[PDB]
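Content type mmCIF, C-alpha atoms, from the file coords-v3.cif:
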data_model
loop_
_atom_site.group_PDB
_atom_site.id
_atom_site.type_symbol
_atom_site.label_atom_id
_atom_site.label_comp_id
_atom_site.auth_asym_id
_atom_site.auth_seq_id
_atom_site.Cartn_x
_atom_site.Cartn_y
_atom_site.Cartn_z
ATOM 1 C CA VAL A 1 39.924 45.268 6.981
ATOM 2 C CA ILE A 2 37.745 42.475 8.368
ATOM 3 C CA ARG A 3 34.717 41.948 6.131
ATOM 4 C CA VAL A 4 31.622 40.583 7.807
ATOM 5 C CA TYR A 5 28.958 39.248 5.479
ATOM 6 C CA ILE A 6 25.532 39.582 7.038
ATOM 7 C CA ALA A 7 21.908 39.356 5.940
ATOM 8 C CA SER A 8 19.927 42.317 7.305
ATOM 9 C CA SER A 9 16.599 40.726 6.380
ATOM 10 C CA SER A 10 17.483 37.228 7.563
ATOM 11 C CA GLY A 11 14.372 35.214 8.367
ATOM 12 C CA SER A 12 15.896 34.209 11.707
ATOM 13 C CA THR A 13 16.221 36.319 14.858
ATOM 14 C CA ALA A 14 19.112 34.055 15.880
ATOM 15 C CA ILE A 15 21.090 35.053 12.790
ATOM 16 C CA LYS A 16 20.393 38.744 13.399
ATOM 17 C CA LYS A 17 21.731 38.407 16.942
ATOM 18 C CA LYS A 18 24.799 36.437 15.824
ATOM 19 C CA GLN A 19 25.635 39.158 13.286
ATOM 20 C CA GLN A 20 25.277 41.943 15.845
ATOM 21 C CA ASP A 21 27.476 39.932 18.205
ATOM 22 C CA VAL A 22 30.344 39.856 15.692
ATOM 23 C CA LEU A 23 29.938 43.464 14.533
ATOM 24 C CA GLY A 24 29.778 44.679 18.125
ATOM 25 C CA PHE A 25 32.926 42.791 19.103
ATOM 26 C CA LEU A 26 34.964 44.269 16.256
ATOM 27 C CA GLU A 27 33.763 47.763 17.122
ATOM 28 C CA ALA A 28 34.535 47.280 20.815
ATOM 29 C CA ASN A 29 38.070 46.060 20.129
ATOM 30 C CA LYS A 30 38.663 48.767 17.528
ATOM 31 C CA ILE A 31 39.347 46.194 14.841
ATOM 32 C CA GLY A 32 38.985 47.734 11.389
ATOM 33 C CA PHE A 33 35.930 46.182 9.755
ATOM 34 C CA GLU A 34 33.099 46.630 7.284
ATOM 35 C CA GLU A 35 29.803 44.848 6.875
ATOM 36 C CA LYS A 36 28.815 43.408 3.509
ATOM 37 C CA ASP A 37 25.041 42.904 3.402
ATOM 38 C CA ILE A 38 23.923 40.015 1.187
ATOM 39 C CA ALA A 39 20.221 40.510 1.897
ATOM 40 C CA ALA A 40 19.659 42.963 -0.961
ATOM 41 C CA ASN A 41 22.918 42.850 -2.923
ATOM 42 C CA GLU A 42 23.497 40.048 -5.417
ATOM 43 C CA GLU A 43 27.242 40.666 -5.707
ATOM 44 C CA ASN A 44 27.732 40.463 -1.932
ATOM 45 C CA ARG A 45 25.476 37.401 -1.709
ATOM 46 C CA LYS A 46 27.109 35.480 -4.571
ATOM 47 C CA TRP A 47 30.615 36.462 -3.454
ATOM 48 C CA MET A 48 30.040 35.190 0.077
ATOM 49 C CA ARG A 49 28.511 31.896 -1.039
ATOM 50 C CA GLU A 50 31.370 31.180 -3.456
ATOM 51 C CA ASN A 51 34.190 32.324 -1.194
ATOM 52 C CA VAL A 52 33.133 30.296 1.817
ATOM 53 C CA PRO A 53 35.294 27.158 1.421
ATOM 54 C CA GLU A 54 33.636 23.809 0.742
ATOM 55 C CA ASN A 55 34.528 22.482 4.201
ATOM 56 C CA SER A 56 32.566 25.300 5.843
ATOM 57 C CA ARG A 57 29.480 24.991 3.647
ATOM 58 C CA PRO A 58 26.665 23.192 5.530
ATOM 59 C CA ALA A 59 25.099 20.056 4.065
ATOM 60 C CA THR A 60 21.809 21.964 3.860
ATOM 61 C CA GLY A 61 21.171 25.098 1.804
ATOM 62 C CA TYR A 62 23.783 27.854 1.723
ATOM 63 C CA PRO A 63 26.318 28.847 4.387
ATOM 64 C CA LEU A 64 24.677 31.168 6.921
ATOM 65 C CA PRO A 65 25.757 34.699 7.861
ATOM 66 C CA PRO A 66 27.804 35.971 9.502
ATOM 67 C CA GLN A 67 30.767 34.814 7.405
ATOM 68 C CA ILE A 68 34.046 36.494 8.337
ATOM 69 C CA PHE A 69 36.865 37.410 5.952
ATOM 70 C CA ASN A 70 40.125 39.348 6.236
ATOM 71 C CA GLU A 71 39.905 41.353 3.009
ATOM 72 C CA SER A 72 39.242 38.520 0.522
ATOM 73 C CA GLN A 73 40.637 35.713 2.714
ATOM 74 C CA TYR A 74 38.149 33.486 4.563
ATOM 75 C CA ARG A 75 38.522 33.308 8.330
ATOM 76 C CA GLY A 76 35.396 31.503 9.524
ATOM 77 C CA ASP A 77 31.703 31.443 10.420
ATOM 78 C CA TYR A 78 29.985 32.366 13.672
ATOM 79 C CA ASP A 79 30.835 29.082 15.394
ATOM 80 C CA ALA A 80 34.519 29.559 14.574
ATOM 81 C CA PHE A 81 34.341 33.135 15.861
ATOM 82 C CA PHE A 82 32.465 32.044 18.975
ATOM 83 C CA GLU A 83 35.133 29.495 19.851
ATOM 84 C CA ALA A 84 38.001 31.851 19.059
ATOM 85 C CA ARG A 85 36.541 34.332 21.551
ATOM 86 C CA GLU A 86 36.027 31.611 24.156
ATOM 87 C CA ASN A 87 39.730 30.801 23.811
ATOM 88 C CA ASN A 88 40.754 34.466 23.746
ATOM 89 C CA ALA A 89 42.432 33.914 20.364
ATOM 90 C CA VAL A 90 40.244 36.133 18.204
ATOM 91 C CA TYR A 91 43.091 38.022 16.526
ATOM 92 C CA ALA A 92 44.754 34.784 15.416
ATOM 93 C CA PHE A 93 41.333 33.688 14.175
ATOM 94 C CA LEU A 94 41.012 36.875 12.131
ATOM 95 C CA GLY A 95 44.519 36.544 10.745
ATOM 96 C CA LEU A 96 45.561 39.665 12.622
ATOM 97 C CA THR A 97 48.466 40.404 14.942
ATOM 98 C CA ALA A 98 47.302 40.495 18.554
ATOM 99 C CA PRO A 99 47.797 44.080 19.834
ATOM 100 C CA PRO A 100 50.663 44.847 22.291
ATOM 101 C CA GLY A 101 48.977 45.066 25.677
ATOM 102 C CA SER A 102 46.345 42.435 24.894
ATOM 103 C CA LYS A 103 46.215 39.169 26.809
ATOM 104 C CA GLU A 104 46.341 37.283 23.514
ATOM 105 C CA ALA A 105 49.594 39.031 22.604
ATOM 106 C CA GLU A 106 51.148 38.332 26.009
ATOM 107 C CA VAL A 107 50.144 34.676 25.876
ATOM 108 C CA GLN A 108 51.600 34.430 22.372
ATOM 109 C CA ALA A 109 54.772 36.182 23.547
ATOM 110 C CA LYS A 110 55.272 33.784 26.459
ATOM 111 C CA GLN A 111 54.626 30.727 24.305
ATOM 112 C CA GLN A 112 57.157 31.772 21.653
ATOM 113 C CA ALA A 113 59.728 32.647 24.332
ATOM 114 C CA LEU A 114 59.432 29.160 25.803
ATOM 115 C CA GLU A 115 59.643 27.397 22.444
ATOM 116 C CA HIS A 116 62.782 29.416 21.713
ATOM 117 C CA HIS A 117 64.476 28.546 24.996
ATOM 118 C CA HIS A 118 63.818 24.863 24.309
ATOM 119 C CA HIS A 119 65.330 25.271 20.823
ATOM 120 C CA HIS A 120 68.244 27.261 22.271
ATOM 121 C CA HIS A 121 71.329 25.474 23.660
#
Would you kindly transcribe this structure into structure tokens?
Amino acid sequence: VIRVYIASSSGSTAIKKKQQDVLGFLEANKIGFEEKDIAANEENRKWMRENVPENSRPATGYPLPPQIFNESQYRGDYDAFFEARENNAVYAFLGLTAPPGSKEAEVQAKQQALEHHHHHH
């Protein structure tokens, strides 16, 4: 399942909206997910902060929610999610197989078919 770490009592309206954006997208696309609130749960808060890789931790304070993981594996922050959706490559971003019928899956299918034909003699 995709774990989305959020802060329900974030001091920023922008953060609240970014979290709802991610949660709503997962729901809409029927992607199995669960929210992990760090606002009032020390385990969730500490876990998120430690499991966000160094290269995704801002130079100021702590990494900001939402932070997205596939089970315990880090996938990315809101910016990474935002870009993945702009490129219609959200499933790859989440470390999930793009569903048969989805544009992402078709695009992936065509790309692999081409790379195979080039490899093929």
Would you list the residues near (20.4, 42.5, 12.2) (no more than 12 Å away, in the coordinates of the file, using all atoms listed in the file) as a ChimeraX atom specification?
/A:5-24,35,37-39,65-66
Exercise: segment 84-96 of chain A partners within 10 Å, all atoms listed in the file, chain neighbours under 2 positions left out, as a short mmCIF file (atom, residue, chain, number, x, y, z; two decimals) with C-alpha atoms, in the coordinates of the input:
data_model
loop_
_atom_site.label_atom_id
_atom_site.label_comp_id
_atom_site.auth_asym_id
_atom_site.auth_seq_id
_atom_site.Cartn_x
_atom_site.Cartn_y
_atom_site.Cartn_z
CA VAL A 1 39.92 45.27 6.98
CA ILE A 2 37.74 42.48 8.37
CA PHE A 25 32.93 42.79 19.10
CA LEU A 26 34.96 44.27 16.26
CA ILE A 31 39.35 46.19 14.84
CA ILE A 68 34.05 36.49 8.34
CA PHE A 69 36.86 37.41 5.95
CA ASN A 70 40.12 39.35 6.24
CA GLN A 73 40.64 35.71 2.71
CA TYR A 74 38.15 33.49 4.56
CA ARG A 75 38.52 33.31 8.33
CA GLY A 76 35.40 31.50 9.52
CA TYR A 78 29.98 32.37 13.67
CA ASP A 79 30.84 29.08 15.39
CA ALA A 80 34.52 29.56 14.57
CA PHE A 81 34.34 33.14 15.86
CA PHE A 82 32.47 32.04 18.98
CA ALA A 98 47.30 40.49 18.55
CA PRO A 99 47.80 44.08 19.83
CA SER A 102 46.34 42.44 24.89
CA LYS A 103 46.22 39.17 26.81
CA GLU A 104 46.34 37.28 23.51
CA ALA A 105 49.59 39.03 22.60
CA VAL A 107 50.14 34.68 25.88
CA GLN A 108 51.60 34.43 22.37
#
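Among the candidate residues A:101, A:116, A:121, A:49, the one lying nearest to residue 77 of chain A is A:49, with distances computed using only C-alpha atoms.
The interatomic distance for the pair atom CA of residue 44 of chain A and atom CA of residue 57 of chain A works out to 16.5 Å.
We find atom CA of residue 33 of chain A and atom CA of residue 4 of chain A to be spaced 7.3 Å apart.
Interatomic distance, atom CA of residue 3 of chain A to atom CA of residue 72 of chain A: 8.0 Å.
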